[PDB]
Amino acid sequence: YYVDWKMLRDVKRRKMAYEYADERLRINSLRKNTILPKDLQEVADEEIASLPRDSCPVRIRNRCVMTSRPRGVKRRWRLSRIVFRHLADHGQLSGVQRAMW
Amino acid sequence: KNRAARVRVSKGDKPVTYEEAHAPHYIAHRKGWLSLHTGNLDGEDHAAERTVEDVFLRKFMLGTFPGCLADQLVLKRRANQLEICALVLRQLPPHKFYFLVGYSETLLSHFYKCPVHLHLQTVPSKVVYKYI
Amino acid sequence: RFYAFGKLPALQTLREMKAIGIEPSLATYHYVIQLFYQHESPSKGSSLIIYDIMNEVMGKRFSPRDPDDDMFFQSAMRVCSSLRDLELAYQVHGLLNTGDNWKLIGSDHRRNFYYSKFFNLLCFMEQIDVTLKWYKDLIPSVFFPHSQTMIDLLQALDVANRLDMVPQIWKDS
Amino acid sequence: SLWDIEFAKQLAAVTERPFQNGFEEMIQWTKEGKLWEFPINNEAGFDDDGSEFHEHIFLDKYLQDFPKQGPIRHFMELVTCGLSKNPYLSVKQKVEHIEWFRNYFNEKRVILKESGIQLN
Amino acid sequence: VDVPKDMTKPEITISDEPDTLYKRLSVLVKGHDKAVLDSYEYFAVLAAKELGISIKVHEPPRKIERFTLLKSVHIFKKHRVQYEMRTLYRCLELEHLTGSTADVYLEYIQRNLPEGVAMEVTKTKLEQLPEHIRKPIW
Ligand SMILES: [Mg+2]
Ligand SMILES: [Mg+2]
């Protein structure tokens, strides 16, 4: 079990987005190019908008990995701010400490 | 009032480990880090991995040695091997202790795909820093 | 397994292989020491032959690569306990520690035989200066005292008149 | 030969003691592959198909079949140049990209001819 | 008293090849707490003096990374908690080394790396000239 249904959704999304990365890239090559004619690019356009909607990366969310919180995340530990503090304050995060200066 | 990772003052009878008697603002000042690994240093990678690994180890160890864990775990990571070091109450017969040592070390070695060492230090009763 | 005097054809075999270039295994030498022991109890000359065969065997560094080899270092030392000869036990030990000591003894029972007998020799045959010394090294560290090694320390302190080491050996025992 | 294997096992059984030291633990572990090799080289374990830098940098060979003067040369020389700078991919994979393009352009001849440039 | 006899069996071979020369070899140790880096420095220097490796040691400026999070679970934005991670450095600069010596010294040093520290090894190696450049011209 992932902690939340939402997290589940996200796992799927990352899987699909991993699978179609090659197709998406190859097509958006054509799409993003001035050199090729527009007639290729409109077909290529429908091509990439044909692809399953959950395969596109912008639909991914970086979520807290233990607690599933959608924001207030620190990218480095993939941790919610709350869970991060909870680990660091027991000193289970090496080299992390309160800051005085 | 800050509450984080604190053990509040009771009527004055409460036994408190050296660890538990020091609030987060004392980390790196008086008490030290319960883990050691390269990941949180300036130019380094995979901090996240090691954090999750850590969390799972504390949970796992706490469940594998029920009731006999004295203080929180110490996790040293060196050049791809993790030495877990624990303070253990004497509860079990040394048969059960060695069984669990071997069982654990093998299990976790196959889980995390790296050599795992386990070092048990045995103690009569929870070492007491304060009150009591 | 048949004749105790069938060591003479076997001895011939022991020379035979030495002609064709193949270095005799520790298993070979073991069986040699087995029949040579069965004929060592009544006659002490075959003893001298085991001791000299061993004496040539011990100037060398081993490669214990054949199947049966454990009982060699079992019975190579086993003879010195019955015949009470310590020098050749020093030699068996110098042999053990040489090539790979660890690889030269197969089992824990057959391991404690070794120290039972060897320390049996060390205690009565040698000065207290040597016995007290190898005591603290062998006993708690490697393999633990049986009854046979227990009685030996008792008879070692009666003859040399040592009343100082009784509390120590008692607390250890 | 199963008997030779049981012989090597019976030999390795008398040979193998429980470790007498740390250095032994580390030695057996290293030979086993559990421990790391020192001094560390990060490229250890991965040779990348024994390829050499010219099977990476110069992709001209796979542009042999493609219209030589067209805008397709422009586009494909860009794709090519991109793959030339790409560390994370193998030779095989780059070539698979190239071929997907071969196949996709050769899939649509129609749109290319109609486009105002005759394209091969 | 009890001494194992004939305990040594090193295995070394000499290939005919011209072992690689290292003009300079820099080793950067990052760690969290200073004291460990000092002990490590002591050990490293000592280890090099015994191999006659002729090294210098200096200390690169420390980096402190700070960041903030909210102090409360729900809503007081006015209150925060700030965390640090301090990275401290030592630099071991070795000069005029050989290939084998480098591999040994580095093996020894790297094995003994304490758990809270990291290491970066910059080897500048000496090569004379490539073949096709020597003195041909096309
Ligand atoms: Mg829920
Ligand atoms: Mg987003």
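One line per residue, one yes/no per condition, for (1) buried (at least 16 other Cβ atoms within 10 Å of the Cβ); (2) of a type outside the set (D, E, K, R):
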{"residue": "D:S51", "(1), (2)": "no, yes"}
{"residue": "D:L59", "(1), (2)": "yes, yes"}
{"residue": "D:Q64", "(1), (2)": "no, yes"}
{"residue": "D:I72", "(1), (2)": "yes, yes"}
{"residue": "D:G82", "(1), (2)": "no, yes"}
{"residue": "D:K85", "(1), (2)": "no, no"}
{"residue": "D:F105", "(1), (2)": "yes, yes"}
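Mind checking whether some residue in region D:27-37 is part of a loop (DSSP other than H, G, I, E, B) and either polar (S, T, N, Q) or away from chain E (no Cβ under 14 Å) (or both)? Yes, there is a match, as at least one residue in region D:27-37 is part of a loop (DSSP other than H, G, I, E, B) and either polar (S, T, N, Q) or away from chain E (no Cβ under 14 Å) (or both).
When the criteria are applied in full, B:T38 fails the requirement of being within 7 Å of another protein chain (Cβ to nearest Cβ), in contact with a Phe, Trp or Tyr (Cβ under 7 Å, 6 or more places away or on another chain) and closer than 19 Å to B:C85 by Cα.
Which is more than 20 Å from B:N40 (Cα to Cα), basic (K, R) and within 14 Å of chain C (Cβ to nearest Cβ), of E:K5, E:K23? Only one candidate passes the filter, namely E:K5. The residues of region B:1-55 that are crowded, with 16+ Cβ neighbours inside 10 Å, free of Cβ contacts under 8 Å to residues at least 40 places away in the same chain and hydroxyl-bearing (S, T, Y), listed by number, are B:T38, B:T51.
Applying the criterion of at least 3 residues that are of a type in the set (D, E, K, R) to the strands (runs of 3 or more DSSP E) found wholly in region E:9-82 leaves E:21-31, E:63-70. Among the residues of region D:68-95, those identified as within 11 Å of chain A (Cβ to nearest Cβ) and β-branched (V, I, T) are D:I72, D:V79. Selection over region E:45-79 of residues that are without any contact (Cβ under 8 Å) to a residue 60 or more places away in the chain, of a type in the set (G, A, S) and surrounded by 11 or more Cβ atoms within 10 Å (Cβ to Cβ) gives a count of 3. Listed by position, the helices (runs of 4 or more DSSP H) enclosed by region C:1-66 that each have at least 1 residues that are touching a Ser or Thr at 6+ places or on another chain (Cβ under 8 Å) and either hydroxyl-bearing (S, T, Y) or touching a residue at least 60 places away in the same chain (Cβ under 8 Å) (or both) are C:26-38.
Please indicate, with yes or no, whether at least one residue in region B:69-79 is more than 14 Å from chain E (Cβ to nearest Cβ), more than 14 Å from B:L34 (Cα to Cα) and either free of Cβ contacts under 8 Å to residues at least 40 places away in the same chain or aromatic (F, W, Y) (or both). Within region B:69-79, one or more residues are more than 14 Å from chain E (Cβ to nearest Cβ), more than 14 Å from B:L34 (Cα to Cα) and either free of Cβ contacts under 8 Å to residues at least 40 places away in the same chain or aromatic (F, W, Y) (or both).
For region A:54-101, a residue qualifies if it is among the aromatic types (F, W, Y) and crowded, with 16+ Cβ neighbours inside 10 Å, and the qualifying residues are A:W77, A:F84.
Of the candidates B:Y131, B:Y112, B:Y98, the single residue that is more than 21 Å from E:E115 (Cβ to Cβ), touching an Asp or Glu at 6+ places or on another chain (Cβ under 7 Å) and more than 14 Å from chain A (Cβ to nearest Cβ) is B:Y131. Count of region D:95-119 residues, restricted to those that are of a type outside the set (D, E) and assigned to a loop (DSSP other than H, G, I, E, B), is 8.
Residues that are in contact with a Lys or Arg (Cβ under 8 Å, 6 or more places away or on another chain) and either of a type in the set (V, I, T) or more than 13 Å from chain B (Cβ to nearest Cβ) (or both) were ranked within region A:62-76; the one that is nearest to ligand 2 (Cβ to nearest atom) is A:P70. Residues in region A:52-101 that are within 16 Å of ligand 1 (Cβ to nearest atom) and assigned to a loop (DSSP other than H, G, I, E, B): A:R63, A:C64, A:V65, A:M66, A:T67, A:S68, A:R69, A:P70.
Cβ sites come from the backbone with ideal geometry, for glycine too, and all protein chains shown count toward neighbours. Values in this text are rule-based calculations from the coordinates and carry no lab data.
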